[PDB]
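The chain below stands alone and is given in structure tokens; this is the form deposited in one PDB entry.
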């Protein structure tokens, strides 16, 4: 997160950290007791290595009572995802066991109605991704509220030149943005999960390159079927 603040400890119980060999890789969001939703291209990095997910955390290095590392039983990437595109960039991870729920660990309701967030709406994004251009990585959870951008504006040649399909949404990226390491994370609007931070190479904080997020409502059928 760029231009953001530190998040209130354990105020987003659904926040997950997807890890590769004890190191944070991407963000993730608990959507069910045994399922965490993230981005597919995150596994492209975990080619060689063990994938685990950390729940109930705030600081990635310090001991916390609610902290728990879960192993991954299976990783289900969306079937139409390609290692060379930003479409269907979702991944579902089944934890080795159901997550122990508490005030610091709880699933987040997600959007099933396929309706665009009104533009200007402020949504919350969080992650342990880099905080500046030097590539600095926070130890604790960061976040930032970002306004949603109408699609027509995100599509202009000056922005993402019609790369935005109905299955994607954008939020402003001026000084405040999600960056590397935040991929796979939550974009919450009105207490509900509206999107997931995509996992593609993109410059951060440049208002001419809005943040791209995958709309979960557009994938309600795939999720329902994977969690069935």
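We call the rigid core the largest set of C-alpha positions that still match within 1.5 Å between the two forms. Positions refer to the first chain, counted from 1. Only residues modelled in both forms are compared.
According to the PDB record, 83-91 carries the higher mean C-alpha B-factor of the two stretches 118-126 and 83-91. The stretch with the higher mean CA B factor, choosing between 201-209 and 214-222, is 201-209. When the C-alpha B factors of 31, 26, 47, 189 are read from the deposited coordinates, the top value falls at 47. Residues shown: 57, 171, 164, 39. Highest C-alpha temperature factor in the entry: 164. Annotation for residue 183: C-alpha temperature factor in the lowest third relative to the rest of the modelled chain, per the entry. In the PDB entry, residue 51 places in the highest third of its chain by CA B-factor. For residue 17, the recorded CA temperature factor ranks within the lowest third of the chain's modelled residues.
When the modelled residues of the chain are ordered by C-alpha B-factor, residue 98 sits in the middle third. Sort the modelled residues of the chain by CA B factor and residue 43 lands in the highest third.
Note that the form deposited with a small molecule bound isn't included here; everything after this is about it.
Of the heavy atoms in residue 44, some are within 4.5 Å of the small molecule in the entry with it bound.
Residue contact with the small molecule in the entry with it bound: residue 30 places no heavy atom within 4.5 Å of it. The small molecule is not shown here, and in the entry with it bound it never comes within 4.5 Å of any heavy atom of residue 37. Interface residue remark: residue 198 is counted as part of the site for the small molecule in the entry with it bound, having a heavy atom within 4.5 Å.
Per the 4.5 Å heavy atom criterion, the small molecule in the entry with it bound is contacted by stretch 174-182, the sole one of 187-195, 174-182, 49-57, 66-74. After superposition on the rigid core, a single segment of 3 or more consecutive residues displaced by 2 Å or more at every C-alpha between the shown form and the other one is found, at 199-201.
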